[PDB]
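Chemist: After the structure tokens below, expect a handful of questions from me.
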Amino acid sequence: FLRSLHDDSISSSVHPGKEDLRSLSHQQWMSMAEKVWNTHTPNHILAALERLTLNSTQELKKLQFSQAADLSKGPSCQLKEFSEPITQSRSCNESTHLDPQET
Amino acid sequence: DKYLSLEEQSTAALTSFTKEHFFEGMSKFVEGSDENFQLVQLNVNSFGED
């Protein structure tokens with residue numbers, strides 16, 4: 001929901017009618033959030049939030065290491081041919097034809 | 001408490017990331033200076049040999 005608000009703020013396209021849908025989404029979350037607090041104990045919710053937070057931190061570190069590795073590999077490295085067609089590579093797509101990225 | 005401390009750690013991790021990737025040359029100087037974290041005005045100019 002927040003992301004959607006963000007993307008809109010950035011894209012300046014105030015489509016007239018989007019407010020009804022926003023309110024609904026907001027209400028939907030409110031109901032869900034309320035349900036979460038009715039169904040589970042506060043102790044367990046906070047514990048869950050702690051874990052989510054740790055996960056989020058670990059993801060950031062991984063991203064730091066991966067981006068550092070991409071900067072040090074300036075190109076001598078030879079195209080090693082590794083084989084199995086296992087991963088689809090679809091990701092959010094599929095996409096990466098581009099790397100002509102010749103220097 | 002414990003939760004807010006974890007979030008602080010997460011924020012710290014985010015801060016380190018933003019420094020390294022948006023502010024190109026700084027890894028060398030992070031060690032010594034303890035105190036007053038004043039927001040050193042990152043003069044962009046130096047890099048390009050060219």
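Scheme for the structure tokens: letters A, B, ... for chains in order shown; per-chain residue numbers from 1; ligand numbers from 1 in order shown.
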Where does DSSP see alpha helix (DSSP H) in chain A, if you list the residues as a PyMOL selection string?
Modeler: chain A and resi 2-11+18-39+42-72
Chemist: Considering only C-alpha atoms, give me a table of residues in chain A that are at most 9 Å from chain B, with the closest atom pair and distance in Å for each, as CSV.
Modeler:
```
residue,atom,partner,partner_atom,distance
A:46,CA,B:3,CA,7.4
A:47,CA,B:3,CA,8.1
A:49,CA,B:3,CA,7.5
A:50,CA,B:3,CA,5.5
A:53,CA,B:7,CA,6.5
A:54,CA,B:6,CA,7.0
A:56,CA,B:10,CA,7.3
A:57,CA,B:10,CA,5.0
A:58,CA,B:10,CA,8.6
A:60,CA,B:13,CA,6.9
A:61,CA,B:13,CA,7.2
A:63,CA,B:17,CA,8.7
A:64,CA,B:17,CA,6.3
A:67,CA,B:21,CA,8.5
A:68,CA,B:21,CA,8.8
```
Chemist: Fewer than 3 positions away in the same chain doesn't count, so skip those; otherwise give me all residues within 12 Å of residue 43 of chain B, counting only C-alpha atoms, as a list in words.
Modeler: residues 23, 24, 25, 26, 39, 40, 46 and 47 of chain B
Chemist: Can you list, as a PyMOL selection string, every protein, DNA or RNA residue that comes within 10 Å of segment 98-102 of chain A when you count only C-alpha atoms, leaving out same-chain residues fewer than 2 positions away?
Modeler: chain A and resi 75+95-96
Chemist: Expressed in Å to a single decimal, how great is the separation between atom CA of residue 23 of chain A and atom CA of residue 1 of chain A?
Modeler: 10.4 Å
Chemist: Just the number, please: distance in Å from atom CA of residue 19 of chain A to atom CA of residue 5 of chain A, one decimal.
Modeler: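 Distance reported for this atom pair: 10.6 Å.
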Chemist: Give me, please, the distance in Å between atom CA of residue 27 of chain A and atom CA of residue 51 of chain A, quoted to one decimal.
Modeler: 26.2 Å
